[PDB]
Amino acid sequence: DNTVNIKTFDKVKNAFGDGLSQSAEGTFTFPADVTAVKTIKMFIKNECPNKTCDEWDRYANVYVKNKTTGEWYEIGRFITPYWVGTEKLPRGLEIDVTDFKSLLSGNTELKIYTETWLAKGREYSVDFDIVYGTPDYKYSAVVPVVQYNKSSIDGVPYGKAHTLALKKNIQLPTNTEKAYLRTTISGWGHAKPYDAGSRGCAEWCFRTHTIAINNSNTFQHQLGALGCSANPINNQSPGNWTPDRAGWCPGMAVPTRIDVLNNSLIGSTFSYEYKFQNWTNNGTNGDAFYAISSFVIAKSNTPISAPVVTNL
């Protein structure tokens, strides 16, 4: 029926303690040929019966390893539900990872991490649906532009000065036909000054950030209310699961933002800059951080190299 299912992690535990590890890795067989892949959906099941897991709403993410460079690429991010797992969703939390189809081929290394601070941890099973047909572009390649995403507090400091590069140059191959960015951003903190509604940064304060291309402000990322109260994982009581955070919810995937680049840029090197909305932390209620990954995807109907990302 045009779909293949690949089981990967199965009952893997992310936990914190002696002889325990917040991350797990494995090597899994994916089909070799991705030329007819239209869609790849990743599904993350979190098994937490009888309050046997770290009950907090923890940052968590999944990576694929680039077989040649050894670098981990974040393919999906989520926040665990409070108290319970994903059992209200029979298939788990769903994240489209089609952008990484070039890496999800043959024997492939994956990593799953949870910012869990308890031996009880969290336990997961992860599977992938690969849907075959006729993509518009036979060939794709993906590389990171920035990744400040190892944990929520390894994000980019917000409201405080910092020396992280959020400007890069990107060279797209001349035979590119279509290019775009894929960004996942989430905020931590209840730093003051508060916005209206007693909303501190960066978990709660609604913000719109901007990607500048060749210095021109081009794409806006509104980190707004997602409707946390409507979560189908609605059995998170007595955790604080219903208020809206800026651009995320407990027990939900962090949204993936897709920004399609002008074709004029193909065959050129262009600058990327991620610009955060101006704000200053007064220091009267802790720190704020934005965990962020952003990738550039090139598609073509002739074989293509990866885009090349450099520092200024």
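Numbers follow the displayed sequence, beginning with 1.
Comparing 261 to 269 with 61 to 69, the stretch with the higher mean C-alpha B-factor in the PDB entry is 261 to 269.
According to the PDB record, 9 to 17 carries the higher mean C-alpha B-factor of the two stretches 294 to 302 and 9 to 17.
The PDB entry assigns its highest CA temperature factor, among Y113, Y158, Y132, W83, to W83.
By the numbers in the PDB entry, the CA B factor is greatest at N234 among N234, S216, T183, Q220. Placement of the Cα temperature factor of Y124 within the chain: middle third of the modelled residues, per the deposited record. In this PDB entry, the Cα temperature factor of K150 sits in the middle third of its chain's modelled residues.
In this PDB entry, the Cα temperature factor of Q277 sits in the middle third of its chain's modelled residues.
In the PDB entry, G187 places in the lowest third of its chain by CA B-factor. The PDB entry assigns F28 a C-alpha temperature factor belonging to the lowest third of its chain's modelled residues.
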